[PDB]
Structure formats: structure tokens, C-alpha cells
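Colleague: This is the structure I have questions about; it appears just below.
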Amino acid sequence: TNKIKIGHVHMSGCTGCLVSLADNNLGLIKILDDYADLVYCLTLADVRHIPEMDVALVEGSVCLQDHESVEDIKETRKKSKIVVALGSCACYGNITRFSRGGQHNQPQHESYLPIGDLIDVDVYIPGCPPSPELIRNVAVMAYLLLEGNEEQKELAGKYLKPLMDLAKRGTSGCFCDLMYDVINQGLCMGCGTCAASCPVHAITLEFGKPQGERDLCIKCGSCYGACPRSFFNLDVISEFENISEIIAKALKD
Amino acid sequence: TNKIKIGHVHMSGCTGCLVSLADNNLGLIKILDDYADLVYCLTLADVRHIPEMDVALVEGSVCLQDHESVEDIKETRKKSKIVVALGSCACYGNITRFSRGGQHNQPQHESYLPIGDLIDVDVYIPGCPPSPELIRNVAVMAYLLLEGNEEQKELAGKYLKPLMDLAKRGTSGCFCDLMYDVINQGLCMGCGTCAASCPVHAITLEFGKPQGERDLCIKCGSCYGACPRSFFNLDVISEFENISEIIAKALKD
Amino acid sequence: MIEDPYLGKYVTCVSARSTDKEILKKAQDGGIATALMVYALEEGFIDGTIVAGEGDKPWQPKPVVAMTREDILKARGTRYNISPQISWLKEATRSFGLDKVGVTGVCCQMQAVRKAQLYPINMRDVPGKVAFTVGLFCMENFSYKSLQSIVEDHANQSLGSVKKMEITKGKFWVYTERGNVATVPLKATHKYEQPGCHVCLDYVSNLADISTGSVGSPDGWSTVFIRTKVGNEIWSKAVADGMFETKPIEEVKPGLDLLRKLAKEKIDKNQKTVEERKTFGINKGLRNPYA
Amino acid sequence: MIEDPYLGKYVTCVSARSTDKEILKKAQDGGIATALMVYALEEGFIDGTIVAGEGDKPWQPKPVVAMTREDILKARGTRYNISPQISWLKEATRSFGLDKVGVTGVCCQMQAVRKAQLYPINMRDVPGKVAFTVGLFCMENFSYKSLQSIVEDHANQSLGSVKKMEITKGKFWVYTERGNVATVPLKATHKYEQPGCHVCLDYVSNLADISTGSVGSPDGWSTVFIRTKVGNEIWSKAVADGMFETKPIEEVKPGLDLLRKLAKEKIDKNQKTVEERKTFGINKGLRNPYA
Amino acid sequence: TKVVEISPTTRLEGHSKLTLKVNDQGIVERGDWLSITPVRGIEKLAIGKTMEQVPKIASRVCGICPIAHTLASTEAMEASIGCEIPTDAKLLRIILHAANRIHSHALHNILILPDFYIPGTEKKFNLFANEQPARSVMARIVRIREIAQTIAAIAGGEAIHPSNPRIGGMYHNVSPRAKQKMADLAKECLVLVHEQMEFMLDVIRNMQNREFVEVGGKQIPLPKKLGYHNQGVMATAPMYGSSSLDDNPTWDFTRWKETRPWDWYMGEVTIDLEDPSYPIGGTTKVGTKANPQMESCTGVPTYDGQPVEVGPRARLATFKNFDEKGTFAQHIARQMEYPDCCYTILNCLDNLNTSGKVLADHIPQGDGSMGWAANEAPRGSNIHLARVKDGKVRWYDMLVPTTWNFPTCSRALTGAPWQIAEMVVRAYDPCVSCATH
Amino acid sequence: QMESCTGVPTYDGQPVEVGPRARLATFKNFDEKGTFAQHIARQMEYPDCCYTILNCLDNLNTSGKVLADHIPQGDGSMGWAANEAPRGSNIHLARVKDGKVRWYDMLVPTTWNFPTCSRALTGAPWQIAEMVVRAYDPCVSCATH
Ligand SMILES: Cc1cc2nc3c(=O)[nH]c(=O)nc-3n(C[C@H](O)[C@H](O)[C@H](O)COP(=O)(O)OP(=O)(O)OC[C@H]3O[C@@H](n4cnc5c(N)ncnc54)[C@H](O)[C@@H]3O)c2cc1C
Ligand SMILES: Cc1cc2nc3c(=O)[nH]c(=O)nc-3n(C[C@H](O)[C@H](O)[C@H](O)COP(=O)(O)OP(=O)(O)OC[C@H]3O[C@@H](n4cnc5c(N)ncnc54)[C@H](O)[C@@H]3O)c2cc1C
Ligand code: NFU
Ligand code: NFU
Ligand code: SF4
Ligand code: SF4
Ligand code: SF4
Ligand code: SF4
Ligand code: SF4
Ligand code: SF4
Ligand code: SF4
Ligand code: SF4
Ligand SMILES: [Fe+3]
Ligand SMILES: [Fe+3]
Ligand SMILES: [Xe]
Ligand SMILES: [Xe]
Ligand SMILES: [Xe]
Ligand SMILES: [Xe]
Ligand SMILES: [Xe]
Ligand SMILES: [Xe]
Ligand SMILES: [Xe]
Ligand SMILES: [Xe]
Ligand SMILES: [Xe]
Ligand SMILES: [Xe]
Ligand SMILES: [Xe]
Ligand SMILES: [Xe]
Ligand SMILES: [Xe]
Ligand SMILES: [Xe]
């Protein structure tokens, strides 16, 4: 079979999403060797314009007052079969929610939206920083979804489903997700997972229940993501040993 | 014509929404005299059970683990032509977003949702506290929508439209509304109105742009409401002198 | 009651200037906004008014509840950056204890006031205590860093030396206290406009009780629209009391024809901008507060 | 590889208890959870493990990363209120510098670990450094104020006097250090359960490497399920090394038949609860994390 | 004079472009390298936020060097409020800081080698390719970065956007095992970075001995004084940094003034030279208009009224009187910083007391006084300035290393074949998201 | 015992009545008890409210300072405050450390009155049990909080 064609599109991001991918180490080189061609990535290669892509890893959000930027993200949807919001800036805005303009030398650069507000997004990879393991897993599963037998494209399509459901749920991420859609919903069980995943130590548990420092939270959506009562697809997660073995196989030398 | 039949349904609220209504003073007595019967209100009258209502002013939110409470709010939809979420607890959760259980003598009373999450809501009256003027205006316009000539039911139906659009937009209120749907959208013009309406002084303007103390904000939705770049229905608001004259007429002695 | 589709609904329109010479010494134009609030205070139509007072950096405006003639005059002159006038609208009726609040500002600020009067959202007591609005014409506004960049880089002037600023006749004008003048072509300034001004469809402050501006009248003179019953009672009384020199707008150059043309360009340009938000994306668009 | 639909997927199931007498002195049951982590530490399968250690109020558990035999034993005994075990899952791989993390907890906590391994959302380094999970059976949990109300009002005991607590045979059992015993009917306690336990469809910790509990075995003895390859390598080695007394579950009363029945009641009861959330409202329902 | 424009740049972080005026031979006469990254405005959004939040937001300026913004921002708050952090918190911050310099320099090796030749040949390095020696070189780099990111996560809580720093010190000290593990990793890393350092120095020495390089088919001559400028250098420490809490700060805020691109960049021009063959997609179409004064997205900080170079050569010139300048000098200086990083880590681990305190007993809330902190980030002096009052940021300013290097690199472009203008740029290890913030 | 949504605060081990009669008995030795006594005591509090307001306005300096120059962040010590709310003693207790609330407790007037009113119900026709209740001016949202 053919390797899929993968591009890295960089909007208003910090390149930490790209770095996370590279922090797969030899796993990334195994992927690039056997399953994917990087057709585009301004940081690593000299391809000046957005080619056609099977999978586009888009990082960062969109500044509505930068013409070239609105064009790049429209062009990316046009040129790509699967669009991935890579990281919390692309999924949910993250720190660019806080942008409000007035700084040199473009005081009018004021308004920033996550990509799903301008184009349709197929898969979310939430996190700030996003976990290398997730980016790898999503890349391998995208390859099975496109060049595997029917048994794999079925596995791969079930794995990716909650990440696709997140892209259809909305473009907002915040500590309050855990209130709205978990505690307020009767679903919280006090496991503490949200506290472990928060990257700015904004979450403590008081008497088994989440307490959010909302003026510390940078609005990344990680905690609802990781919460085992947001999505819990029993068909995938109960096969953890098997799916882990498959993934390790796909990277073995 | 007949007076419309109005009820006050009290969920998990503080009765401050009711107090606001009463703070219309003689205007409320004018309304009760000439245009509406209060068929239900546990605070003011002895009617023990929820009768049928033309308009139901529902205050407070719904505790999912109190059986009687889930029943009352379903019963209210069944018994009412127009359902009004009166105040921010009913519209958006407000301080009950923060509830998480563990207090005597019902440690399991844990989860609270705004009413629109359990039943369909026709009109929002946001605020904490909600402004008496708005509750009055909405009550007079509801009467015109039901017992007036076609010229009034047209006026009244256009006035109420943004309050109906808010009920369909969602059940979440927060300072971040001004980021998501105004600043992030290119719409903020720095008028400062949000700062005036915030009831806990959570909002300052820094260089003409909103700055939110998110650990002060009690999640009431007032600031997006009052913002002149959330909804601005030019057909009503440009007729301010006329609509003001009509409203004053309806209460004159 | 005319009903221009670019000048809003109004009773009459004349070209005026205050007869109070001390007020005219630093007024931007004819001194209409200052003279109307001073007179409203002395007569008792208002007991206080929000104005753009002096702030903490040079040429940065700071809203304030003025309650004396002297505090009102402190707000003379146009400041070309944002002054969040409405932030004190509710507080005026609380700690300040006012019964009859005045408000001054540009067109969007008048709209906020009218919205608060009809849809008060946590704005208790405001609808019935707004007593007088005076609205300025406004083509667009800037942030402070924008005004800094225009004045200091493009005009090459020190802000601590500037006595007056004026947009007119296609140029940004800076006047120094020692007597020099500098200009900037308006094409250079277009990157510096506040993005939220690009969806504004109101030029002569349609929703004010009285409206006032510069275009249409000679230097030192204001183009004034009287619009509401409140605007009419106060303006009549003030002319009767000698507060104003008038001249019908028809017998003044450039007059109401130039004004209608600049209003028309603003709405059509911005209306286009409003239309494109709808299809800004691919299968997705941006919000429209007007839908 | 059996595949019970109420007991999950597992290789074998025996009734066991640790041969380490010092560990058995305060173990809740057979001392399986303690003995498996101690042995995993001494053998090198883990270099540390999250356990429910002693906290700051009596009978309040506090999660902690244990890295010595002595710290592990401090977590013996069942605490009937929430211990957010996973809050330290990532920190174990950072400041603590662990390569091979153990985790202990109830069924929902095992699910969090497995979810983090497959969908790490800001959980970098966790998937490949989780090395051993031991899961307890769990019918339901309580908040601290619930456990306070049960013990002090219903059992009428002082928390500072309680040496052990046990839910079994339809009653909540309290044992004091001076020797008394008190019970509460489980019907009385139903208002005090954590509401989020009512949608839980997992009784014997299906997703653990090894699972262990009380039901099915005599007092002082544990019902144990070996499930994953990791669970198998470690359990085999430990029996070989003499760490355990075993007995096939079939030749033990009440044995695997009682267990399957209580598991079945939990899932069916909770599954009904999950189903009703769908129509909880009028034309509206509540979220289902399982959809 | 003609006008050629490369947009976007590649093999650097972020979004910039080169707008070059060239003579009749295609040599730069005056080039402008400018940012076209949209301005997120961190310094303005900071105002009114808590002093705890602002460093965690500023970290998200850049994911290659988040350590630099977390530390410079946190220590600007500590300096404004007068907070002295415990010794064991300082030691963990230095370990975090040196680990991150190792990973950043190694990443930059990946970005610059495609322009370099396998010594003595005419084959350029291709690292992607499963051929030697490229592949065993990529393996060394991958393990260096991995060691570096692991040490960073241990001492810093997270390798990208460290969680452990806080006003007053750190959230956590590390366990005895963590300390052993960082020591073990830094022993392995010291061997590797010595190998990599020697490897890169030989490749650069071979480049200094070439007369031309090949760019999209053509031979491009390699000038002797490639990338020379007369701006001088500015550096605050050979390793860590300096703050206004110090008895003798090594940065003088009285010598700094930030202006707008206005004073140093070119005005409007029109592109009258184009090359569709430039790898890979050609240059800007003829007839396009460009205005670096108005398209540049950064401000121009100056020292004694002039732009300056910052970064690894800035540091070695300031502290050891390193006396070579230009493109290849910059590459050399950067590689020479490899071993110090690992010696520092090991010295710091040796003095660290894992039982010691990491949080100052008292954190004052601030009275509005100005403080500043300089972090010597992988690319140069990173200076944050702050006024904190009642725990809130009332004034904030960031002078980031690539911001300093933009006007200085631009001037360094004179005398270069426009086809290797990008090579002059890459010697600065540019981070355009940083520079713009 | 199980449907009641409040806790039962006690003083010297017993429930107590709070509110306007509680105040007049404590401070003036007001010596009538029960439903109509409670109504009387409450009305007698009308004039003090307006005399207080006027005395306070008279001493108020509108140019004076309203914010303490220094706000300490707290070391975890317990403090409490009692407000004589319209229905009785409202006592909040707190431990604040580093500007955060580490422990909080609220003893609200209608919470105090619940068990005390219950006992007051003895000897009444069940049809006027509600009249006995209304003399306490109950606020059940307060009592439950
Ligand atoms: C951004 C801005 C843009 C404008 N654009 C135009 C235009 O395009 N065409 C035209 O004819 N006129 C425009 N004007 C109005 C004009 O410049 C004069 O200010 C107006 O005629 C009032 O002059 P005056 O002599 O009556 O007022 P004065 O007696 O000089 O009193 C000044 C009034 O201006 C208010 N004010 C000053 N600065 C601000 C500010 N940033 N925000 C809110 N209120 C402020 C003050 O409250 C005060 O009442 C603009 C004003 C502003 C602030
Ligand atoms: C709410 C709860 C409900 C339970 N319900 C049942 C049941 O219905 N039927 C049944 O057979 N068994 C149940 N168990 C398990 C049983 O009570 C024993 O705890 C189990 O068999 C372990 O005993 P042991 O002798 O091997 O462990 P020990 O050697 O005594 O070690 C104790 C283990 O329990 C962990 N632990 C203790 N309290 C908690 C807590 N709140 N949260 C997370 N981890 C904790 C500790 O980390 C430790 O590893 C429950 C346990 C808990 C916490
Ligand atoms: N080194 C570095 Fe950053 Ni990505 C830059 N420039 C900043 O501090
Ligand atoms: N008075 C009164 Fe409240 Ni509505 C009561 N009880 C509280 O403090
Ligand atoms: S999600 Fe975080 S790591 Fe990714 S671009 Fe945004 S700031 Fe950087
Ligand atoms: S991760 Fe989810 S279920 Fe677990 S404590 Fe946090 S909100 Fe509650
Ligand atoms: S609380 Fe922490 S994990 Fe959740 S959205 Fe805020 S920053 Fe992200
Ligand atoms: S919205 Fe505010 S006033 Fe209305 S019930 Fe809720 S807390 Fe009370
Ligand atoms: S009210 Fe709306 S438009 Fe006015 S300053 Fe606030 S968010 Fe901006
Ligand atoms: S900021 Fe203030 S007005 Fe807006 S949602 Fe929060 S509490 Fe309400
Ligand atoms: S152009 Fe319109 S929105 Fe912008 S300041 Fe002027 S009145 Fe306000
Ligand atoms: S019943 Fe289920 S959700 Fe509740 S504690 Fe036990 S394992 Fe967790
Ligand atoms: Fe800066
Ligand atoms: Fe209480
Ligand atoms: Xe990278
Ligand atoms: Xe890479
Ligand atoms: Xe890839
Ligand atoms: Xe890539
Ligand atoms: Xe997909
Ligand atoms: Xe990848
Ligand atoms: Xe994918
Ligand atoms: Xe009321
Ligand atoms: Xe009332
Ligand atoms: Xe009413
Ligand atoms: Xe009412
Ligand atoms: Xe309606
Ligand atoms: Xe009303
Ligand atoms: Xe209505």
C-alpha cells in the first residue's frame, strides 16, 4: 500500500504541538519511514505552499484580522481529506481566547477563533501540550482507516469516534466543562483524573469533588477530555491490552 | 378582554427574582388589577398545587436528586403555554453551577441544571438580580401578544424575539461569553456596558477592552445580555421613544 | 419629523455654536456638547452627566460622572481613542445618588443607553433615570497604541506637546501648543482602526436626544440634529435663553449634502462588511448582532 | 480466557490470602492488594504505587505515591469514602521520577487509568509508564459527611474509636478498638450514596490487571481474578515464591455464584438508571458517557 | 536595484518573510527580514490578571522555549514584589533551564543541516532518508532531545509549558530516585552532546572552506564575510540570567528603548524580480506590493539607540571575548554551548537537597514597583518587566531574543546572494512566535 | 429525620428562638412569648431602623476613606461574624489562608428557628399550625443554604 500524505499547518500557535509530535522520537521516524509522507511543514521542509493532503495537522487558532491567515485555513479544508485540530489552541482557542489587541505593531490584530469556527473539523486532538502518545495513536489509526483491511478500518473508526464527537460538540474548553457536563449532570465519581491532567495546577479536589481556580485556568479543554465520565467508549477501552499490542506492533523494528 | 393567568414557580432559587418583580411597586398592582391574575405563588398565596398557566415565571434551577423538584418543572411545562426562565439561576445555573454536594442534611443533593436542560423554555429574563423593568416589560408584552390587536401582537412578538433567541442559544452564562461571542468575533467596540451591568464588579476595561476576574464571576450571563453587540434588534431599539410611551401608557392611572 | 435613511429620524437640523465665550476657548468645534450639559445642569434637566474627562496618560480619556459646571468643561476636545462611557451608567444611580442622568458619547454608546432602557439586563433603575443624551458624530475610533503610533511616528509629534487633534478633509491633523501643525494621510491610518467599528451602521448618532458633529459646518461651528421630545424641549428653551447662535443648515456650506454623502459611505462600506461575515468561512460564518 | 458478562474477561479466579502474617494483622480481608504491591516493589515490577494512605481527619483517605514497603502497609483497610487516586498519576512520572508506576483503587479508577493509556489528554508519559493495576470490588461509595452521618448518628459510634468498617450481609458494620460492634441496615444508608455511583456498570474491577474483593470468600480471605498478561506473570511468580495461600473458587462457599448475583444486581439496577437519563426531561434528556 | 521577496521562510519557527533589494548581480543591497505572525498581544492581555496566571499564559508564547518565558515571567513577578525564593527552588530552575537549552540546540541542528554538506562531498545532508550517515546522526539527536525533555519534565513538571514553577519557587521538590535518574540521564547526555558538538563543528568547518553551495540547481557563491554586521552584541549571563533583585544586575534598563519598525525598516516597494524555481514553490509574484514598516509584526528594541545581536555568540563574545562574527561564527558558538548544559545539571543535582524547601514562607502581594528579570534563553536575552500591585499585573513588557535579532539580522543580509539569504537567517535560530508574542 | 434538609444548631445543647423577639427579650427584657408576642416584637423594630439611618448619615463623611490600607491574606486562623438579620442571628465562621477559604460554616436564623418552632406547635389546632410558623417570618432558602 501507499503511505498517506500528512501536512503540518501552523496558524496562531506556539509550535509546541509540532514539538510534541517530534517527541515520539524513533516512533516518528518509524511512521515517516513506513506509513506517511510529510508533504508540508514550514518548520521542517521548504514546501512554500499548502499542497493536497490526506491528513492535515492544524495547530493554532485563526486571527480574523490577518487576511493571509483566514485564507490559509480555508485553503487547508479545500486541500485535505481529514482535518485535525491539533492541540487546544486549534480545538478550543486556549490562551488566544484572552487576546484583545492593542499591542505593537498590529494593534488591530484582536480576534482569535479556534479553527472549527471557520471550517469543518473531523478530529480533535485536545491538550496543551497535547500528549505525543495521542498524536501517534491518531496518526496510526488514520493510516489503518485508509490503507488497512476492513477489520482495521473498523477498529480505527471506532477508536477515532470520541475524538470526532469532540469536534462536533463545540469549540469551547474550560474548567467549567467539569461543572456543566459532569458534576451538574450527576456523573462525577471523584476519581481525581482532571487534577492530574490540568497543566497549570488549577484543579484541586475538596471532599472528593473538583474545585477550579478559574483565574489560573488557560481554557484548554484538557480536563473534560481526560475525564472518564465525558466520553467512555466501552468497546475500545475494555480492549486496552489488545489495542496496545496492535499499536506497539505498528512501530516495531 | 380577559386577564392572562400568571404563576410564579420557585425551584432552587433565592426568591430575589420574585422580590424584583414586587419592586415594580404600584406598577405590579396596576398589572395585577387590569391585566393578570396570579394563579399560583407559594410565597404570596395558598394555592398548593401548580394550576394551568398562560405564563409561568420559573425562578431557580433544578436539583436532579430531588424527586419532587424534577416533577414540578415537568408539570410546569405541561401546565403552561409560555415558560419564562426568570433570572440567571433559571436561565443559566448562576451560583448553582458551583454546587457539588456533601452538606448536611442531604449530602447527595449534588447536581443542578438550569430549567432549559430539562424542559423547553420560550423566554429568558436574564439577570442576578433581574431588573424589575425587564420583568414588567416582558409581562406587558406577553399580554399584548395574547389579548391585543394584530398591531400589538406584532410589536410584542418582535420585542420578545431576542429574549426568545437567548433561550435557544443555550443554558450557559459567564464572563467568557464576552470573549467567545464578542471580542473573539470582531464585535467589541469598548463601550463599557458590560462593566456597568456586572453585579460583582468582576469586569474592568483595560485599554478599552474587557478584563474579567473569572474567580469573582458568579456565572449569571448578565454581561453578554446587556452587551449592545450580542443582540441589537434595530427594529425595536430605534423606536425607543415610542415603545417607552406605549409601556408607560399601559400602567397609567 | 424627517426620516433620512442615512441621517436617522429628526425634527430639525441647524448649524450652531455656543454664545458662552469661555466654553468656546477649548471646545473642539461649536461647543455644543459642553454647552448642552452645562445648561441642562443649571436648568435642572439633569443632576449629573457622564463625560470623557482627563485621564492618566496624555490624550487618554477617562469617563467620569460630572456634577458641576467646572467638571463638565474639563471634558472639552475630541479624544481619538476609546472611552468606555457606559461603565458608569449604573453607578451614577447608586453611590452618586442621581435622579436625572446625562450621558455623552459616540453613536455606539447612545445605542447601549437605548438598549439598557428597553432591555435592562442587570441594569435596574437605569431605564427611568436616563434623562438626556448628547451624541457625537463618529466615523471610526482608535486604540491608545494606535493614537500613539499615528501621532508620534506618522505625525512625528510629542503627545505632551499636542493641543488639538482633528480628522477632516482626508488627513489626520495634529496641532502643537507652540504653534506647529502636522498631518497624516488617512490611507496610512487604516490599519490602526478598532476592528469593531467596521460593523457600525450609524454616523450622526441616530439614537441620541440631540446629535452634534463637525462635518457640514465651518470651523468653529457645529452641525446639530434635534431628534426626541426631550431634545426639543431642551434645545428650544436654550435658544430662547440665549445659549446659542443658529443658522439654518440649508444656507451653510458644505451643509447637509456633504454630511449625507459621508454617512452613506460609512453605512454602505460597513454594511458590506456585515454581509461578508455571513460567509467568512467555508460552510460557516461569523455572528451578526443585527440578525 | 473466560468472558463473563458480569465478571469481565479473566484467565482464572481463586480464593487467596497472603502468607505474610504482619500484613494480615490489619488487612481488610486477605491482604491481597497490600501483598501484591509490596511484592511488586521488592521484585522490581514497580518502583512506586498510588495507595489510599492516612489523611487528616479520621477515616478520611488521602492518596499518596508510596515507594517503600512501610508506606504501602500504611494504606491497609477499606475507607468508605472517596479517595481521588488518579490525581497523582501524572505526578508520579514527574517529580517522583518513577519508571514503573503501580495504581490501586476501585473500578472507576481502573477505567480512568485505562482511558489515560489509550486517550492521554494532557497525560504525556503516562501510557507507557503504568506498569501494574490492582482493582478492588466496589458496590458504591460515600462522601465523608455521609460516612460521618452513618457512623455517628446511625451506628452511634465515635470515629476516633473505630478500628474497622465493613459492608456485608445487608448491614453496615462498625468495630471499635475497645471491642464493641454496631450495625446499620443498608436501607437506611441509601440516601447517602454518591450519585455518580448510580451509572457505574462495573463491580469486580473489570479493567484491572488483577482484581480482588471480599464477596465469595470466607472472612480473612479474598476473591481474586487474574486478567491481563501482566497480572498473570506477577501472580504466577508470587505463588511460586510462596507469597500466597490459594484454593480454587469452585470449592469455596459462597463462591463465584453469590458474586455473579450481586454483580448482576448492580449492573441491571445502574443500567436502568443510565436508560432513564435519556428521557429524564420533557423532550430532553441527560448526558450518557457511554453513548 | 530590483526587489525579490521570499515568503514564507522555512526551517525556522513561525511565520516570517524576506523582502530584499538586490544589485545587478543578485547580491543584497538592503534586505528586510520581518515577522508576519499575527500579534496575540500577551503583554496587553496580561493587564489586570493575577501574577500567578500571567507566567503560565506567557509560556504559551512558544513551545520550543517555554522554560524561558515561564522563568523570566515568574522572576519578573518575584522581582516586582520583592520575593526571595529558596535555594533548592533555584537549583531546580537551573536544571530545567539547562536541560531546555540542550533540546533547543539539538532541534536547531535538525533545521540547519539540510543546507550543509557531508564534509568533502557535494551531497547535502538528508535526515529524513533511511541512509547513512544521516540516519545514525538523527538517532543521536533524537536521544539527546529525549534525555533533555525527560530531565525537564522531572525538575519542571512538564517538558513543554513547565507546571512546577510558581511565584515563590516550585510546586514540588523531587524524590531521591528522581535525582538519581536525572544524574543518570545527564551522564549519558554528556557523552552524546560531545559527539554531536564535534560532528557539527566539523560540518561547519567544511562549510567555511567551500566557495559555493547549490540552491535549486544553480551554484551560489559563498561570500567570505557572510552575515557580517556592525551592531555588536548584548548578553546577561553565560548560562542562566539576572534580575533586578540582584546586588549587581547584568542588564541596564536605562540603555533600552523600544521603537516601532518605522525607524529601521523599509517603506513601500514593489516586487520586480521573481524566481519560480526557488525550492520549493518560488518567490513572490512580480507586481506584488510590500511595506516592511507596516507589515512587520514586531517592535524594535534597541540598546544605546541601536539594534543588537543576542544569543550564543552574544554570550561568548560578552563573557569569553569570542572574536569571530557572522553566519558560521554564530553556528560555532551555538554548538560550543552543549557541554556547559550537562556539567551545570550535574553540579546542580550534586548540591540539590531533595528534602529542602521549594516555597518561600512569605509571598508579598506587591505595591506597584517595577521589577525585571532576564533569562538567557537558547536564542538570547529574554527580559520581562512587571509592576505587580495587590497580586495583579498592572504593567507588563516582554523583550524577547528573536525580537532583538530581527533588525540586526536584516542588516547582516547585506552582501549575500539573495538565494542564501535564508542561510544568514537560520544562523540566528529564529523563533517568530516568540518575537511577536 | 431523613426528609429535613437542615442541620440543627443548638445553644447550651438546646434549640433556641432567634429574631425580633429574641432581640427585645435579650436587650430590653421583653416579657411576652408566643405567636402574637413575636408579631408585636417585630413591628416595634420599625422606628429604630430609621433613627439609625439618620444618625449614621449625620456622622458619615462622604470624603472619608472606605478601604483599609492593608488587607492581610490570612494564616488559617478562625474568625466569625454575627449579623442580626431581620429573622435573627446570622453567624458565619471562616478560616482564610493565602486569600482562600479553607473552612466555612453558616448558622442562619431560620435554621435556628426550625426545631424551636416545631416545639412551639404543641397545643395548636392543626388548621392554624401555619399561623404559628408565620410568626417566625421563615426563610427556608436561608435555613438550608
Ligand atoms: C472617535 C471620535 C470620532 C469622531 N468622528 C467625527 C466625524 O467623523 N465627523 C464629525 O463631524 N464629528 C466627529 N466627532 C465629533 C467631533 O470631533 C466633536 O467632538 C463633536 O462635534 C463635539 O464637539 P463640541 O465642540 O460640541 O464638544 P466639546 O464642548 O469640545 O465637548 C467634547 C465632548 O466630546 C466627548 N468626548 C470627547 N472624546 C470622546 C471619546 N473618545 N469617546 C466618547 N466621548 C468623547 C466629551 O464627553 C464631550 O461631551 C468624533 C468624536 C470622537 C470621540
Ligand atoms: C467504597 C469501597 C467499596 C467497596 N465495596 C466492596 C463490595 O461491595 N464487595 C467486595 O467484595 N469488596 C468491596 N470493597 C473491597 C474490600 O472492602 C477490600 O477493600 C478489598 O478486598 C481489598 O482488601 P485487601 O485485604 O486485599 O486489602 P488491604 O491489604 O487491606 O489494602 C487496602 C487497599 O484498599 C485501597 N483502598 C482503601 N480504601 C480506598 C478508597 N476509598 N478508595 C480507593 N482505594 C482504597 C488501598 O489503596 C489498598 O491498596 C470496597 C472497597 C471500597 C474502598
Ligand atoms: N530562545 C527562545 Fe524564544 Ni521560542 C525566542 N526568541 C524566547 O525567549
Ligand atoms: N433574615 C434572614 Fe435570612 Ni432570607 C434567614 N433566615 C438570613 O440570614
Ligand atoms: S495547544 Fe499549547 S502547545 Fe499547542 S500551539 Fe496552542 S499554546 Fe502551543
Ligand atoms: S475526572 Fe471527571 S469524574 Fe473524575 S473527579 Fe474529575 S470531573 Fe469528577
Ligand atoms: S482547569 Fe486546567 S485542564 Fe481544565 S480547561 Fe482550565 S487549564 Fe485546562
Ligand atoms: S437569579 Fe439571583 S436573584 Fe434570581 S433566584 Fe437566582 S440567586 Fe436569586
Ligand atoms: S458591552 Fe460589549 S461591545 Fe461594549 S465593552 Fe463590553 S464586550 Fe465590548
Ligand atoms: S462577569 Fe459579572 S455580569 Fe458577566 S457572567 Fe460573571 S458575574 Fe455575570
Ligand atoms: S465607528 Fe461606531 S462602533 Fe466605532 S467608535 Fe464610532 S460610534 Fe462606536
Ligand atoms: S460504585 Fe463505581 S463509580 Fe462509585 S466508587 Fe465504586 S467503582 Fe467508583
Ligand atoms: Fe514585547
Ligand atoms: Fe449551615
Ligand atoms: Xe520540531
Ligand atoms: Xe523533528
Ligand atoms: Xe507525521
Ligand atoms: Xe511531521
Ligand atoms: Xe476521520
Ligand atoms: Xe506522528
Ligand atoms: Xe485521522
Ligand atoms: Xe415578594
Ligand atoms: Xe408583594
Ligand atoms: Xe404578575
Ligand atoms: Xe406575582
Ligand atoms: Xe413567547
Ligand atoms: Xe409583573
Ligand atoms: Xe411572555
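Residue numbers (the authors' numbering), protein chains in the order written: chain G, 18 to 270; chain G', 18 to 270; chain B, 1 to 291; chain B', 1 to 291; chain A, 2 to 438; chain A', 294 to 438. A prime marks a further copy of an entry chain.
Where a beta carbon is used, it is the ideal one built from N, C-alpha and C, also for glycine.
1) State the DSSP-derived secondary structure class of residue 105 of chain B', mapped to helix, strand or coil.
2) Just the chain G' side, please: which residues come within less than 9 Å of residue 138 of chain B by C-beta, in chain order?
3) Does residue 228 of chain G' come within less than 8 Å of chain A when only Cβ atoms are used?
4) Put residue 407 of chain A into one of helix, strand or coil per three-state DSSP.
5) Report yes or no: do three or more beta-carbon pairs, one from the stretch 152–169 of chain B' and one from the stretch 177–188 of chain G, lie closer than 8 Å?
6) Could you name the residues of the same chain whose beta carbon sits closer than 7 Å to that of residue 189 of chain A, not counting the 5 residues immediately before and after it, in chain order?
7) Quick check: what's the CA-CA separation for residue 39 of chain B versus residue 119 of chain B?
8) Does ligand 7 have a heavy atom nearer than 7 Å to the CB of residue 236 of chain G?
9) Whole beta strand (DSSP E) runs in the stretch 323–384 of chain A with 3 or more residues, listed along the chain?
10) Is there at least one Cβ from chain B nearer than 8 Å to residue 263 of chain A's Cβ?
11) Check whether the Cβ of residue 164 of chain B lies closer than 8 Å to any Cβ atom in chain A.
12) Under the three-state reduction of DSSP, which class applies to residue 13 of chain B': helix, strand or coil?
13) Does any CB atom of chain A fall closer than 8 Å to the CB of residue 108 of chain G?
14) Kindly examine ligand 7 and report whether one of its heavy atoms sits closer than 7 Å to the Cβ of residue 220 of chain B'.
15) In three-state terms, what does DSSP make of residue 27 of chain G'?
16) Helix, strand or coil for residue 255 of chain G? Go by DSSP, reduced to three states.
17) What's the call for residue 419 of chain A', buried or exposed, on a 16-neighbour Cβ count within 10 Å?
18) In chain order, what residues of the same chain have a beta carbon less than 6 Å from the beta carbon of residue 208 of chain G, not counting five sequence neighbours either side?
19) Residue 136 of chain G' versus chain B': which residues are under 8 Å apart at the beta carbon?
20) Indicate whether residue 197 of chain B' and residue 206 of chain G have their beta-carbon atoms separated by less than 8 Å.
21) Counting only Cβ pairs nearer than 8 Å, list the residues of chain G close to residue 65 of chain G'.
22) Take the Cβ of residue 9 of chain A as the centre, count every other Cβ of all protein chains shown within 10 Å, and call the residue buried at 16 or more, exposed below.
23) Does any CB atom of chain G' fall closer than 8 Å to the CB of residue 146 of chain B'?
24) Between which two residues does the beta strand (DSSP E) holding residue 229 of chain G run?
Modeller: Taking the definition as stated:
1) strand
2) Near residue 138 of chain B there are no residues of chain G' at all, since even the closest Cβ is about 10 Å away, more than 9 Å.
3) yes
4) helix
5) no
6) 148
7) 30 Å
8) yes
9) 368–378
10) yes
11) no
12) strand
13) no
14) no
15) strand
16) coil
17) exposed
18) none
19) 281, 282, 283 and 284
20) yes
21) Residues of chain G passing the Cβ test: none, with the nearest at roughly 29 Å.
22) buried
23) yes
24) 226–229
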